[PDB]
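Notes for the one structure printed next.
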Amino acid sequence: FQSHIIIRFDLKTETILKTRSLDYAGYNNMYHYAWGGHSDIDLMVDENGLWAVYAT
Amino acid sequence: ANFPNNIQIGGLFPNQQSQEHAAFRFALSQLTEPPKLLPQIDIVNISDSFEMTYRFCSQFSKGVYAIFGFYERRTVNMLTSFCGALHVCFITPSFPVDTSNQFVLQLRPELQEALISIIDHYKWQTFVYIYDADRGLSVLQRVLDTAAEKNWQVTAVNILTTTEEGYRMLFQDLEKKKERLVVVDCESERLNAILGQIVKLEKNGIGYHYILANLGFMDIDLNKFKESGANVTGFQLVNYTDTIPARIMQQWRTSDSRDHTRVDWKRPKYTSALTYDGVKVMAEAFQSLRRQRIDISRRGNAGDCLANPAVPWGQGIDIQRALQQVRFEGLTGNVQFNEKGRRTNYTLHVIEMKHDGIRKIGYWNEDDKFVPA
Amino acid sequence: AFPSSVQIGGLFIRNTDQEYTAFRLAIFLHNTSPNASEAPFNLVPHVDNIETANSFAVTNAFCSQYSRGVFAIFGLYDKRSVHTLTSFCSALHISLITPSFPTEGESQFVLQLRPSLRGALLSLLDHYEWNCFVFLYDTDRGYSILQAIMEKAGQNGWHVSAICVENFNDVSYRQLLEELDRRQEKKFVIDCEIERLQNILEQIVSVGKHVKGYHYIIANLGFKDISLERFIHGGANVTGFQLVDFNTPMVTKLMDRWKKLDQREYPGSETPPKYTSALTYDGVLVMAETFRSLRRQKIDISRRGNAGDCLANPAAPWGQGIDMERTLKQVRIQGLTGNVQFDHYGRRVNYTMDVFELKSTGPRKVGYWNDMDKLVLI
Amino acid sequence: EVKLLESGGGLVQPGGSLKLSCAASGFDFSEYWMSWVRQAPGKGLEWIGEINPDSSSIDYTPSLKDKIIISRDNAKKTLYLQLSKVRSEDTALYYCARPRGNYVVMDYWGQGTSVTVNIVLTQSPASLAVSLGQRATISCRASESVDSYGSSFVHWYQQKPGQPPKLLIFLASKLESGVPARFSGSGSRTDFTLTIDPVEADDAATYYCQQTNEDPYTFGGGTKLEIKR
Ligand SMILES: *[C@@H]1O[C@H](CO)[C@@H](O[C@@H]2O[C@H](CO)[C@@H](O[C@@H]3O[C@H](CO)[C@@H](O)[C@H](O)[C@@H]3O)[C@H](O)[C@H]2NC(C)=O)[C@H](O)[C@H]1NC(C)=O
Ligand SMILES: *[C@@H]1O[C@H](CO)[C@@H](O[C@@H]2O[C@H](CO)[C@@H](O)[C@H](O)[C@H]2NC(C)=O)[C@H](O)[C@H]1NC(C)=O
Ligand SMILES: *[C@@H]1O[C@H](CO)[C@@H](O[C@@H]2O[C@H](CO)[C@@H](O)[C@H](O)[C@H]2NC(C)=O)[C@H](O)[C@H]1NC(C)=O
Ligand SMILES: *[C@@H]1O[C@H](CO)[C@@H](O[C@@H]2O[C@H](CO)[C@@H](O)[C@H](O)[C@H]2NC(C)=O)[C@H](O)[C@H]1NC(C)=O
Ligand SMILES: *[C@@H]1O[C@H](CO)[C@@H](O)[C@H](O)[C@H]1NC(C)=O
Ligand SMILES: *[C@@H]1O[C@H](CO)[C@@H](O)[C@H](O)[C@H]1NC(C)=O
Ligand SMILES: *[C@@H]1O[C@H](CO)[C@@H](O)[C@H](O)[C@H]1NC(C)=O
């Protein structure tokens, strides 16, 4: 919340492992989508792996 | 409970010293009902959209429920958009406009149709329309379109863009023919200087029929236009002979609490009556909200006005419906708004003055049109 | 110590694909330039296509661009968004370069690229000796043309039948045309939007008034961009104005790149550029010229401390914004629309347009209108 | 400027009812309500009675309400006040005045006459004497607020013995109409001040500061002004 920090959380063991910082990314409605709503960072996956779409 | 004990009402006033502010304060002081209205009045330049939107956002963040203020041609679209987006009601006595939402309650009734009916009654076919640029050009379009259907000859003259020499040439062209017909559509504070210009260097008498397109006929000094053959026809919305307006003005006169500014007299304006009735419709709407036991109180402090996922509060539609479904008798008469937020089902007293005095020649309605009397 | 990257703002409107394409092409041509003097910096555009929700969306976009630290904003507006955008740009000392319809009230921090169309229209209506005609107009671009026409009619004794066709449909267009032909009205002046003008022309062809004996004057800055094919065969009198000269070395130099562009990478390049796209290109050139002139003036441009919220309790105008506006009003460049030069009100001054007429072979250049030389015929 | 005529001042019998004729010439009482004020010799004025412009309901003095009854007609513009059991101290100078809130010119009190049958303030200097054309300043300290409901709610009345009192400065924003006096309220005015410049022989009268902020409007001790030769 209110930070450019990507957090990995376990849904089975309910613990924390990694809390990294997305380098040079906007947060708190800085680079949101057209609908807004604090969507500055969008995390997705595909057949090649894990990708993050943001703005710089 | 049903309604909060105190309800915050914002206000955007052009200046601190005005008769409208005195009417606002007196109408607030008159009410004694359990729903109390706490006013937050800010002096804001109405010709600047940045200052007006800063005041609007500050009042929205403060937690107001409705805003009573004035606008201009520059800030009408901004106010309409913000009220339609944030679902905040705005009650205004300013000039009506066609581009508006249902959240803007315009207390001033329209006049673009009564003027056409009056012109048609007088069988006018060639006339000079002197209009003000910073007052809305919808009435000018309507006049031009009606001329296009009815093959009239309208000479459109702007007040700002015409100097004294242009007025002299125009009026010489008017006295070239016999029937001089002029329709003036301008506000009283400028119509006074306009009429002084007409009576000082130009002249009238035995002809020169004027139709003054304004809501107040007693608000202007017609003594200069008196003692001559010029005929003046105008519209009157409020007259101080009926029981309710006379009682309200008598309570205003013998007020234990002294009013602000300097005076409240010397040709009182109809905008003060519109402000009084705006406070009254606000009060009756909030009392009707309390009567129906519909919850209006804010569940949490309002955030920033510029939130991109701006969701509307759920009580805004109820507030707008309560403000719209109002019918009472006030200073200006029957106050009733249609589904579009403008005043409907009203009357104007058509008053003519032809070197004898004041004579009412009929009245104009939205259904019966101009009925002579 | 001028910054190597200068941030500019871009605000775009619904149906602005081609003007945005021209903006991007101009950014490409400025950024990747072989000459080191043409590009001593790099333009960074912060672009917002809002699909306007009036002043709310305009204010949101303006605040979003203002927080990023832009120096000037290249934005468009309509009748519902000109006042709020101009007031926000003037209050916060942010320059606004606009190719949209010209205005009069806004006199601070506004540079309008579109020239006024009242002088050429009045000169054409008085050289043609028109005294009784029908003016079909709309209020999507202001009231200046209608006010000027009514003032000229009052001062000259003309008979102008003014009709607003904003809420008119095709059937109502046909009824209006038949009614006007019944009153023996054959002289028309049309001042409407492009789609509305095309619909009016289609209705005119539908009722059959494109035959000889009917005269139409188009109050548009682009005459060759209007599909006038049936009017050539019918023989109707059509007179119009053109702002960009296609037989200019700069314009054909641009057109060489325009026909070589890719549609899938530069959308809207499948058609020749309109006058709005040419004004956008000229505006980008004007921004580059004024930034270079600010570089030559040893003025260190920066918005490090002014980046924040627009609606702060104390107004915090940009300190160097008046320098940017003074440098912007002093430019005099040569571009697609000819001589681009501005007065102290930020309006177009010293511009030349070409008055064309429709003949049996096509549009024929008849004359040219200049600001100080009025209408000169060939 | 409306005209007020009041004549017929004379002694009466012991306990006999007395009446004063107050005629509003040039205007009517419907425009401005007529109020009667009683002032004793060498003492501040007291509100004897307040009437209405539409002749609906009338008031009386806060000290003696039922002891005096005043009847006024706006259409005839005539007011008459009567009382019972008149004593030596009850025979004071009664004067009628139009409402000053309508206009500056409307603040024209009647002539007033005497027979032989609030607001607290202190004005300084009590003894003032300057030559013609000089500038005079008098400070009237008050224990109440200097301004009620934002604007000032005090006034200065230039009264003389046997002459009709006139209000020169009212509410520190509207001076006397018709004849514009050079002395008027200005500034914040914690104490009521009015700089008279230049002075004149006709401008020599007793200036009393009455504050309308404190109910009711009662004339204070005031300051005496003359023309030094
Ligand atoms: C309320 O806001 C309006 C803006 O809508 C203010 O009007 C603006 O006033 C300024 C001066 O304070 C004008 O700037 C000057 O314009 C003249 C040309 O008229 C130019 O020669 C000067 O160099 C200077 O730029 C500005 O044009 C004007 N804007 C308009 C009329 O649209 C108004 O002053 C504000 N009122 C108050 C009491 O603050
Ligand atoms: C303005 O009003 C006067 C008064 O009614 C009009 O004068 C009348 O004109 C008609 C026809 O010209 C005569 O039959 C009447 O006898 C006139 N009445 C008087 C009292 O003189 C005058 O025509 C009106 N002006 C306009 C332009 O309609
Ligand atoms: C237009 O306004 C008039 C004035 O108030 C309305 O007339 C009132 O109607 C109600 C209900 O029909 C009556 O109880 C009142 O006695 C009427 N008052 C007067 C003075 O006649 C009229 O109903 C309104 N019309 C509409 C369509 O709302
Ligand atoms: C209008 O534009 C023309 C150019 O089209 C200006 O003529 C130029 O004037 C400058 C001097 O200021 C010369 O150095 C150029 O060589 C001229 N260019 C020519 C003649 O093609 C003209 O001065 C402009 N007028 C105004 C009033 O700005
Ligand atoms: C004034 O209002 C009264 C209300 O009783 C009405 O009878 C009269 O006709 C009105 N006068 C005018 C001129 O409208
Ligand atoms: C590039 O253009 C500029 C401006 O005309 C000129 O000063 C410079 O010499 C040019 N450079 C080259 C390498 O031609
Ligand atoms: C049509 O245009 C031509 C060329 O300008 C002109 O000579 C002719 O008079 C025009 N005819 C009409 C009917 O306007």
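Every chain in the structure tokens takes a letter, A first, then B, and so on in the order presented; its residues are numbered from 1, and the ligands are numbered from 1 following the presented order.
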Show me which residues sit within 7 Å of ligand 6 when counting only C-alpha atoms and all ligand atoms, and put them as a PyMOL selection string.
chain C and resi 35-38
Would you mind exporting N, CA, C and O atoms of the selected residues as a CSV table (one decimal), in the first residue's frame?
chain,number,residue,atom,x,y,z
C,35,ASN,N,21.4,17.0,-37.3
C,35,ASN,CA,22.0,18.3,-36.9
C,35,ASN,C,22.0,18.4,-35.4
C,35,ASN,O,20.9,18.1,-34.8
C,36,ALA,N,23.1,18.8,-34.8
C,36,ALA,CA,23.2,18.9,-33.4
C,36,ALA,C,22.6,20.3,-32.9
C,36,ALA,O,22.4,20.4,-31.7
C,37,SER,N,22.4,21.2,-33.8
C,37,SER,CA,21.8,22.5,-33.5
C,37,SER,C,20.3,22.4,-33.5
C,37,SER,O,19.6,23.2,-32.7
C,38,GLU,N,19.7,21.6,-34.4
C,38,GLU,CA,18.2,21.4,-34.4
C,38,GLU,C,17.7,20.7,-33.1
C,38,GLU,O,16.6,20.9,-32.7
At a cut-off of 9 Å and counting only C-alpha atoms and all ligand atoms, what residues surround ligand 3? Please answer as a PyMOL selection string.
chain B and resi 327-329+333-336+344-347
Residue neighbourhood residue 223 (chain D), 10 Å, only C-alpha atoms, exclusion window fewer than 5 positions, as number ranges by chain
D: 122-128, 138-140, 158, 205-209
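Environment of ligand 2, defined as every protein or nucleic acid residue with an atom within 7 Å of it and counting only C-alpha atoms and all ligand atoms, comprises residues 179, 180, 206, 207, 208, 209, 229, 230, 231 and 354 of chain B.
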Could you please extract the residues within 10 Å of ligand 1, counting only C-alpha atoms and all ligand atoms, and hand them back as a list in words?
residues 14, 15, 44, 45, 46, 47, 48, 49, 50, 51, 52, 72, 73, 74 and 75 of chain B; 83, 84, 86, 87, 90, 91, 104, 105, 106, 107, 108, 109, 344 and 345 of chain C
Tell me which protein, DNA and RNA residues are within 12 Å of region 30-44 of chain A, counting only C-alpha atoms, leaving out same-chain ones fewer than 6 positions away, and put them as a ChimeraX atom specification.
/A:1-8,21-24,50-56 /B:306-311 /C:46-52,57,60-61,63-68,308
Please identify all polymer residues within 9 Å of residue 299 (chain C), counting only C-alpha atoms, omitting same-chain residues fewer than 4 positions from it, and present them as a PyMOL selection string.
chain C and resi 1-2+294-295+320+323
Residue selection dump (N, CA, C and O atoms) as a PDB file, in the first residue's frame:
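Once written, selection-v5.pdb looks like this:
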ATOM      1  N   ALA C   1      23.569  25.694 -18.245  1.00  0.00           N
ATOM      2  CA  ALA C   1      23.315  24.308 -17.871  1.00  0.00           C
ATOM      3  C   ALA C   1      21.869  23.920 -18.165  1.00  0.00           C
ATOM      4  O   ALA C   1      21.127  23.530 -17.262  1.00  0.00           O
ATOM      5  N   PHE C   2      21.476  24.042 -19.429  1.00  0.00           N
ATOM      6  CA  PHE C   2      20.133  23.658 -19.833  1.00  0.00           C
ATOM      7  C   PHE C   2      19.965  22.144 -19.715  1.00  0.00           C
ATOM      8  O   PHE C   2      20.896  21.392 -20.017  1.00  0.00           O
ATOM      9  N   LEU C 294      15.155  29.876 -25.504  1.00  0.00           N
ATOM     10  CA  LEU C 294      15.389  29.912 -24.063  1.00  0.00           C
ATOM     11  C   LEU C 294      16.775  29.381 -23.720  1.00  0.00           C
ATOM     12  O   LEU C 294      17.411  29.858 -22.772  1.00  0.00           O
ATOM     13  N   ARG C 295      17.250  28.384 -24.470  1.00  0.00           N
ATOM     14  CA  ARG C 295      18.624  27.919 -24.305  1.00  0.00           C
ATOM     15  C   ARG C 295      19.624  29.014 -24.657  1.00  0.00           C
ATOM     16  O   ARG C 295      20.645  29.175 -23.980  1.00  0.00           O
ATOM     17  N   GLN C 320       9.501  30.991 -13.730  1.00  0.00           N
ATOM     18  CA  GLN C 320      10.021  31.174 -15.078  1.00  0.00           C
ATOM     19  C   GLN C 320       8.949  31.021 -16.152  1.00  0.00           C
ATOM     20  O   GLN C 320       9.283  31.000 -17.341  1.00  0.00           O
ATOM     21  N   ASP C 323       8.799  34.035 -18.452  1.00  0.00           N
ATOM     22  CA  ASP C 323       9.876  34.003 -19.435  1.00  0.00           C
ATOM     23  C   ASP C 323       9.520  33.093 -20.603  1.00  0.00           C
ATOM     24  O   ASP C 323       9.771  33.436 -21.765  1.00  0.00           O
TER      25      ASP C 323
END
Please provide the set of residues having any atom within 10 Å of region 182-195 of chain C, restricted to only C-alpha atoms, with same-chain residues fewer than 6 positions apart removed, written as a VMD selection string.
chain C and resid 117 121 125 130 to 141 145 to 146 160 to 166 176 201 209 213 to 220 222 225 to 226 237 to 239
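Around ligand 4, the neighbouring residues within 12 Å, taking only C-alpha atoms and all ligand atoms, come to residues 330, 331, 332, 333, 334, 335, 337, 338, 339, 340, 341, 342, 343, 348, 349, 350, 351, 352, 370, 371, 372 and 373 of chain C.
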Selected residues written out with N, CA, C and O atoms, as a PDB file, in the first residue's frame:
ATOM      1  N   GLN C 330       7.310  35.745 -29.006  1.00  0.00           N
ATOM      2  CA  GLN C 330       8.278  36.436 -29.846  1.00  0.00           C
ATOM      3  C   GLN C 330       8.774  35.596 -31.016  1.00  0.00           C
ATOM      4  O   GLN C 330       9.665  36.043 -31.744  1.00  0.00           O
ATOM      5  N   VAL C 331       8.229  34.400 -31.218  1.00  0.00           N
ATOM      6  CA  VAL C 331       8.716  33.521 -32.275  1.00  0.00           C
ATOM      7  C   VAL C 331       8.186  33.989 -33.625  1.00  0.00           C
ATOM      8  O   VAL C 331       7.118  34.601 -33.729  1.00  0.00           O
ATOM      9  N   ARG C 332       8.962  33.707 -34.673  1.00  0.00           N
ATOM     10  CA  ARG C 332       8.546  33.973 -36.049  1.00  0.00           C
ATOM     11  C   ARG C 332       9.215  32.908 -36.911  1.00  0.00           C
ATOM     12  O   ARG C 332      10.406  33.014 -37.219  1.00  0.00           O
ATOM     13  N   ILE C 333       8.454  31.880 -37.278  1.00  0.00           N
ATOM     14  CA  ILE C 333       9.003  30.730 -37.984  1.00  0.00           C
ATOM     15  C   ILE C 333       8.255  30.537 -39.300  1.00  0.00           C
ATOM     16  O   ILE C 333       7.209  31.136 -39.546  1.00  0.00           O
ATOM     17  N   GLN C 334       8.827  29.691 -40.152  1.00  0.00           N
ATOM     18  CA  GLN C 334       8.214  29.288 -41.410  1.00  0.00           C
ATOM     19  C   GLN C 334       7.863  27.811 -41.313  1.00  0.00           C
ATOM     20  O   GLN C 334       8.732  26.980 -41.031  1.00  0.00           O
ATOM     21  N   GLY C 335       6.594  27.488 -41.545  1.00  0.00           N
ATOM     22  CA  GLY C 335       6.131  26.123 -41.427  1.00  0.00           C
ATOM     23  C   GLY C 335       5.038  25.767 -42.412  1.00  0.00           C
ATOM     24  O   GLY C 335       4.861  26.444 -43.431  1.00  0.00           O
ATOM     25  N   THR C 337       1.796  25.953 -42.400  1.00  0.00           N
ATOM     26  CA  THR C 337       0.770  26.959 -42.619  1.00  0.00           C
ATOM     27  C   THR C 337       1.342  28.294 -43.076  1.00  0.00           C
ATOM     28  O   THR C 337       0.592  29.266 -43.200  1.00  0.00           O
ATOM     29  N   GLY C 338       2.642  28.366 -43.327  1.00  0.00           N
ATOM     30  CA  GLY C 338       3.264  29.592 -43.798  1.00  0.00           C
ATOM     31  C   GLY C 338       4.017  30.300 -42.681  1.00  0.00           C
ATOM     32  O   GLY C 338       4.782  29.678 -41.950  1.00  0.00           O
ATOM     33  N   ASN C 339       3.797  31.604 -42.557  1.00  0.00           N
ATOM     34  CA  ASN C 339       4.468  32.390 -41.529  1.00  0.00           C
ATOM     35  C   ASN C 339       3.722  32.245 -40.209  1.00  0.00           C
ATOM     36  O   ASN C 339       2.554  32.637 -40.105  1.00  0.00           O
ATOM     37  N   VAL C 340       4.387  31.682 -39.207  1.00  0.00           N
ATOM     38  CA  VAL C 340       3.821  31.531 -37.872  1.00  0.00           C
ATOM     39  C   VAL C 340       4.439  32.611 -36.994  1.00  0.00           C
ATOM     40  O   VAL C 340       5.652  32.611 -36.748  1.00  0.00           O
ATOM     41  N   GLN C 341       3.597  33.533 -36.532  1.00  0.00           N
ATOM     42  CA  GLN C 341       4.003  34.661 -35.707  1.00  0.00           C
ATOM     43  C   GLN C 341       2.811  35.064 -34.852  1.00  0.00           C
ATOM     44  O   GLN C 341       1.666  34.989 -35.307  1.00  0.00           O
ATOM     45  N   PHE C 342       3.077  35.490 -33.619  1.00  0.00           N
ATOM     46  CA  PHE C 342       2.022  35.792 -32.663  1.00  0.00           C
ATOM     47  C   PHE C 342       2.189  37.200 -32.112  1.00  0.00           C
ATOM     48  O   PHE C 342       3.301  37.726 -32.024  1.00  0.00           O
ATOM     49  N   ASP C 343       1.062  37.804 -31.742  1.00  0.00           N
ATOM     50  CA  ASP C 343       1.044  39.108 -31.100  1.00  0.00           C
ATOM     51  C   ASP C 343       1.133  38.927 -29.585  1.00  0.00           C
ATOM     52  O   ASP C 343       1.426  37.839 -29.082  1.00  0.00           O
ATOM     53  N   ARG C 348      -2.974  34.536 -33.949  1.00  0.00           N
ATOM     54  CA  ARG C 348      -2.249  34.453 -35.209  1.00  0.00           C
ATOM     55  C   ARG C 348      -2.223  35.809 -35.900  1.00  0.00           C
ATOM     56  O   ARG C 348      -3.265  36.449 -36.081  1.00  0.00           O
ATOM     57  N   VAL C 349      -1.027  36.241 -36.284  1.00  0.00           N
ATOM     58  CA  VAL C 349      -0.794  37.519 -36.944  1.00  0.00           C
ATOM     59  C   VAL C 349       0.123  37.254 -38.130  1.00  0.00           C
ATOM     60  O   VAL C 349       0.989  36.375 -38.059  1.00  0.00           O
ATOM     61  N   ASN C 350      -0.111  37.974 -39.240  1.00  0.00           N
ATOM     62  CA  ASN C 350       0.743  37.925 -40.434  1.00  0.00           C
ATOM     63  C   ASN C 350       0.675  36.549 -41.101  1.00  0.00           C
ATOM     64  O   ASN C 350       1.694  35.907 -41.359  1.00  0.00           O
ATOM     65  N   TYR C 351      -0.548  36.102 -41.376  1.00  0.00           N
ATOM     66  CA  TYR C 351      -0.804  34.817 -42.009  1.00  0.00           C
ATOM     67  C   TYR C 351      -1.470  35.033 -43.361  1.00  0.00           C
ATOM     68  O   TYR C 351      -2.200  36.008 -43.563  1.00  0.00           O
ATOM     69  N   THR C 352      -1.212  34.113 -44.287  1.00  0.00           N
ATOM     70  CA  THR C 352      -1.747  34.183 -45.640  1.00  0.00           C
ATOM     71  C   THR C 352      -2.542  32.919 -45.937  1.00  0.00           C
ATOM     72  O   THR C 352      -2.072  31.808 -45.671  1.00  0.00           O
ATOM     73  N   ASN C 370      -4.552  38.137 -46.992  1.00  0.00           N
ATOM     74  CA  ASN C 370      -3.505  38.440 -46.033  1.00  0.00           C
ATOM     75  C   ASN C 370      -4.063  39.366 -44.960  1.00  0.00           C
ATOM     76  O   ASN C 370      -5.017  40.113 -45.201  1.00  0.00           O
ATOM     77  N   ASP C 371      -3.457  39.301 -43.770  1.00  0.00           N
ATOM     78  CA  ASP C 371      -3.967  40.044 -42.621  1.00  0.00           C
ATOM     79  C   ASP C 371      -3.913  41.550 -42.852  1.00  0.00           C
ATOM     80  O   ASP C 371      -4.846  42.274 -42.487  1.00  0.00           O
ATOM     81  N   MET C 372      -2.831  42.040 -43.453  1.00  0.00           N
ATOM     82  CA  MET C 372      -2.684  43.466 -43.710  1.00  0.00           C
ATOM     83  C   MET C 372      -3.005  43.863 -45.144  1.00  0.00           C
ATOM     84  O   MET C 372      -3.260  45.045 -45.398  1.00  0.00           O
ATOM     85  N   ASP C 373      -2.997  42.917 -46.082  1.00  0.00           N
ATOM     86  CA  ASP C 373      -3.269  43.208 -47.482  1.00  0.00           C
ATOM     87  C   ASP C 373      -4.697  42.885 -47.899  1.00  0.00           C
ATOM     88  O   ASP C 373      -5.048  43.115 -49.062  1.00  0.00           O
TER      89      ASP C 373
END
DSSP strand (DSSP E or B) selection over region 51-123 of chain D, as a ChimeraX atom specification
/D:68-73,78-83,93-97,108-109,113,121-123
Filtering to N, CA and C atoms, could you give me those residues as a JSON list (two decimals), in the first residue's frame?
[["chain", "number", "residue", "atom", "x", "y", "z"],
["D", 68, "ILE", "N", -48.05, 55.24, 28.85],
["D", 68, "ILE", "CA", -48.17, 56.11, 27.68],
["D", 68, "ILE", "C", -48.60, 55.27, 26.48],
["D", 69, "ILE", "N", -49.51, 55.82, 25.68],
["D", 69, "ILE", "CA", -50.01, 55.16, 24.48],
["D", 69, "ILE", "C", -49.84, 56.11, 23.31],
["D", 70, "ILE", "N", -49.23, 55.63, 22.23],
["D", 70, "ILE", "CA", -48.98, 56.42, 21.04],
["D", 70, "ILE", "C", -49.71, 55.78, 19.87],
["D", 71, "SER", "N", -50.52, 56.57, 19.17],
["D", 71, "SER", "CA", -51.27, 56.12, 18.01],
["D", 71, "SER", "C", -50.81, 56.91, 16.79],
["D", 72, "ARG", "N", -50.47, 56.20, 15.72],
["D", 72, "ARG", "CA", -49.95, 56.82, 14.51],
["D", 72, "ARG", "C", -50.70, 56.29, 13.30],
["D", 73, "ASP", "N", -50.91, 57.17, 12.32],
["D", 73, "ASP", "CA", -51.54, 56.83, 11.05],
["D", 73, "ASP", "C", -50.56, 57.14, 9.93],
["D", 78, "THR", "N", -49.72, 61.03, 10.75],
["D", 78, "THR", "CA", -49.91, 61.82, 11.97],
["D", 78, "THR", "C", -49.80, 60.91, 13.18],
["D", 79, "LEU", "N", -49.00, 61.32, 14.16],
["D", 79, "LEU", "CA", -48.79, 60.55, 15.38],
["D", 79, "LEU", "C", -49.12, 61.39, 16.60],
["D", 80, "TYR", "N", -49.82, 60.78, 17.56],
["D", 80, "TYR", "CA", -50.20, 61.46, 18.79],
["D", 80, "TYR", "C", -49.95, 60.53, 19.97],
["D", 81, "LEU", "N", -49.29, 61.05, 21.00],
["D", 81, "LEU", "CA", -48.97, 60.29, 22.20],
["D", 81, "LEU", "C", -49.71, 60.90, 23.39],
["D", 82, "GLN", "N", -50.34, 60.04, 24.19],
["D", 82, "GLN", "CA", -51.10, 60.46, 25.36],
["D", 82, "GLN", "C", -50.65, 59.66, 26.57],
["D", 83, "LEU", "N", -50.90, 60.23, 27.75],
["D", 83, "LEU", "CA", -50.52, 59.59, 29.00],
["D", 83, "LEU", "C", -51.47, 60.05, 30.10],
["D", 93, "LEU", "N", -39.14, 66.74, 26.88],
["D", 93, "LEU", "CA", -39.21, 67.13, 25.47],
["D", 93, "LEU", "C", -39.39, 65.88, 24.62],
["D", 94, "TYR", "N", -40.55, 65.77, 23.97],
["D", 94, "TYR", "CA", -40.87, 64.62, 23.13],
["D", 94, "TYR", "C", -40.76, 65.02, 21.66],
["D", 95, "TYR", "N", -39.99, 64.25, 20.90],
["D", 95, "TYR", "CA", -39.76, 64.53, 19.49],
["D", 95, "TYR", "C", -39.95, 63.27, 18.66],
["D", 96, "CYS", "N", -40.55, 63.42, 17.49],
["D", 96, "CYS", "CA", -40.76, 62.31, 16.57],
["D", 96, "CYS", "C", -39.67, 62.30, 15.51],
["D", 97, "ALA", "N", -39.27, 61.09, 15.11],
["D", 97, "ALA", "CA", -38.22, 60.91, 14.12],
["D", 97, "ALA", "C", -38.56, 59.75, 13.21],
["D", 108, "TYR", "N", -34.26, 62.43, 9.95],
["D", 108, "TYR", "CA", -34.65, 63.82, 10.20],
["D", 108, "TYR", "C", -35.67, 63.83, 11.32],
["D", 109, "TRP", "N", -35.22, 64.14, 12.53],
["D", 109, "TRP", "CA", -36.10, 64.19, 13.69],
["D", 109, "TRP", "C", -36.95, 65.46, 13.65],
["D", 113, "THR", "N", -40.53, 69.99, 21.48],
["D", 113, "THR", "CA", -40.85, 71.06, 22.40],
["D", 113, "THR", "C", -40.95, 70.49, 23.81],
["D", 121, "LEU", "N", -22.06, 55.48, 27.19],
["D", 121, "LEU", "CA", -20.85, 55.96, 26.54],
["D", 121, "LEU", "C", -20.40, 57.25, 27.20],
["D", 122, "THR", "N", -19.13, 57.58, 26.99],
["D", 122, "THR", "CA", -18.53, 58.80, 27.54],
["D", 122, "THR", "C", -17.73, 59.48, 26.44],
["D", 123, "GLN", "N", -18.09, 60.73, 26.14],
["D", 123, "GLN", "CA", -17.47, 61.49, 25.07],
["D", 123, "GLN", "C", -16.54, 62.54, 25.66]]
Within 8 Å of residue 53 (chain D) using only C-alpha atoms, minus same-chain residues under 6 positions, as a count of residues only:
7
Please identify all residues of chain B having at least one atom at most 10 Å from any atom of chain D, considering only C-alpha atoms, and return them as a VMD selection string.
chain B and resid 250 253 to 254 256 to 266
Return as JSON, numbers by chain the residues of protein, DNA or RNA that approach ligand 5 to within 10 Å, with only C-alpha atoms and all ligand atoms taken into account.
{"B": [217, 218, 235, 236, 237, 238, 239, 240, 241, 242, 243, 244, 245, 246, 348, 349, 350, 351, 352, 358, 359, 360, 361, 362, 363, 373]}
